[PDB]
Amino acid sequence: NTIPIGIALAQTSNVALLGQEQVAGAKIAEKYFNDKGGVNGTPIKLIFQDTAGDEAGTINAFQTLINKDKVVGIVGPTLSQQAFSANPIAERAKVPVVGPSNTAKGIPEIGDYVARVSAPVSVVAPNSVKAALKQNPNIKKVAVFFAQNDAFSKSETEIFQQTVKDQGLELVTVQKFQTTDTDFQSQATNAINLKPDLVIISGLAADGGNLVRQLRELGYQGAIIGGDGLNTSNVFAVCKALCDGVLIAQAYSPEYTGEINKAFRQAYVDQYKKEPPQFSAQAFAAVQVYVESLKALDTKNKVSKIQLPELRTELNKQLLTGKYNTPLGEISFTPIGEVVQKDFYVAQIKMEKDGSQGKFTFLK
């Protein structure tokens, strides 16, 4: 006998360039928590249903997990874009959802069954602008790019634009693209002609990486900030040596000294031979929230005896009240499921000259 927890993440499509890191973190969590006896001796079982890259696939995944797999709760989906369309399905069904990495404004407000462990763009994004200004105090002109078809990219760009204004900088252009675009020559040239000192990009991984590369090819020599959708070593293959120097805010640090982070980090490094990425840590934290909430609930009200609809509702109620020492730090939730947490960082992509390898270097 095991307790089923659904994992609805992008395991296929270009969205999997983000989702696969989340999957990795979830699998590390499953082993970590089951090796500690699961839920008071009862193992958890993570049930993976691929969402693919769109809304319909996410709705399908959620419905399968809820109806066929009888899960007590869902971790997912990967994108804010998917969450806005699919999370209402879980809300209506009274099945908890914990989002690992979805940072658009408005997600916890979807309903009483929607929580997230990832602080939103309003507190994440400004960090990287401040870091850019620290590295070059003479930045004056800023060009902003965003993926107009993606909910998170639109939410993130709003924050970047406001931060640029609040820092007293000149916003010389805002250029739009689609996450499915590979070619950005016109937008990149448009921006380059305005002589920006800083370029900010809010897209996802393949698109963001291609845009970074093309900006450099077209002769742009200024600073570049990537938003959260570029926050993966999967961009390295796309921009190669030309990824070097990109600044990306972080909501997780491998060097955070919490005991569970040490365990998580060591498990990750030993397997993948590099530091755990943010998305992996976030997915681990989401699974942790479910395991620790299930343990707390089970101690007060034995879960093996609770029928599924009531188990889902009681689990949701419990998780919202919990305090968790996770790889992300100590976190908890507001009454509507927003994360309460502290500490952000900024990292900078450092590529080897040949462009075949790189790393994220955390700024001190």
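For clarity, a rigid core is taken as the largest C-alpha set superposing within 1.5 Å between two forms. Residues carry their position along the shown sequence, with the first being 1.
task: Consider 299 to 307 and 322 to 330 separately and indicate which one has Cα atoms farther, on average, from the shown form in 6 other deposited structures of this protein after rigid core alignment.
output: This comes out as 299 to 307, the stretch further from the shown form in 6 other deposited structures of this protein.
task: Give the stretch, out of 204 to 212 and 164 to 172, with the larger mean C-alpha temperature factor in the deposited entry.
output: Looking at the recorded C-alpha B-factors, 164 to 172 comes out higher on average.
- prompt: So which stretch wins on mean C-alpha B-factor, 247 to 255 or 94 to 102?
  reply: Higher of the two, by average CA B-factor, is 247 to 255.
query: Looking at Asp150, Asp181, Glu156, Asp270, which has the biggest Cα B factor in the entry?
result: In this record, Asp270 carries the highest C-alpha B-factor of the candidates.
field: Residue of maximum C-alpha B factor among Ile66, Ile59, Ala26, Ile331, per deposited coordinates
entry: So the option with the highest C-alpha B-factor is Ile331.
field: B-factor third for the C-alpha atom of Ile7 within its chain
entry: For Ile7, the deposited C-alpha B-factor lands in the lowest third.
- prompt: Hey, what third does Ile110 fall into on Cα B-factor, ranked over its chain?
  reply: Within its chain, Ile110 is a middle-third residue by C-alpha B-factor, going by the deposited values.
- prompt: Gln288's Cα B-factor: lowest, middle or highest third of the chain?
  reply: Lowest third - that is where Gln288 ends up once the chain's C-alpha B-factors are sorted.
task: Determine, from the deposited record, the chain-internal third of the Cα B-factor for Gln20: lowest, middle or highest.
output: Answer is middle: the recorded C-alpha B-factor places it there.
- prompt: Looking at the C-alpha B-factor of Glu55, is it in the lowest, middle or highest third of its chain?
  reply: Ranked within chain, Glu55 CA B lands in the lowest tercile.
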